[PDB]
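Residue numbers (the entry's author numbering), protein chains in the order written: chain C, 9 to 64; chain A, 71 to 79. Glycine residues also receive a C-beta, built at the ideal position from the N, C-alpha and C atoms.
Have a look at this one:
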């Protein structure tokens with residue numbers, strides 16, 4: 009379970025924009041600066057920035 | 071206040 013350290017405001021329909029306090033399920037993340045998480049509310053997918061989230 | 075500038079993909 010990861011947490012949004014900053015309110016990610018995506019601009020395209022590929023990544024989901026999340027605010028601070030919202031949690032996201034990290035999928036793949038071990039190098040690229042952009043990871044892909046999956047929300048647990050509706051169940052959507054979106055590449056979340058690796059600088060707007062942190063393990064917690 | 072301003073989050074870090076999104077890195078380049």
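Along chain A, in chain order, which residues have C-beta atoms closer than 8 Å to that of residue i?
{"i": "residue 42(C)", "result": "77, 79"}
Mark residue i as exposed unless 16 or more other C-beta atoms lie within 10 angstroms of its C-beta, in which case mark it buried.
{"i": "residue 57(C)", "result": "buried"}
{"i": "residue 35(C)", "result": "exposed"}
{"i": "residue 71(A)", "result": "exposed"}
{"i": "residue 15(C)", "result": "exposed"}
Residues in its own chain within less than 6 Å of residue i by CB, not counting five upstream and five downstream?
{"i": "residue 17(C)", "result": "25"}
{"i": "residue 41(C)", "result": "58"}
{"i": "residue 51(C)", "result": "none"}
Could you list which residues in chain A have their beta carbon closer than 9 Å to that of residue i, in chain order?
{"i": "residue 57(C)", "result": "73, 74, 76, 77"}
Taking residue i and residue j to be in contact with their CB atoms under 8 Å, please state how far apart those CB atoms are, rounded to whole angstroms.
{"i": "residue 54(C)", "j": "residue 45(C)", "result": "7 Å"}
Spatial neighbours of residue i within its chain, please: C-beta separation below 8 Å, excluding the five flanking residues on both sides.
{"i": "residue 33(C)", "result": "9, 10, 45, 46, 47, 48"}
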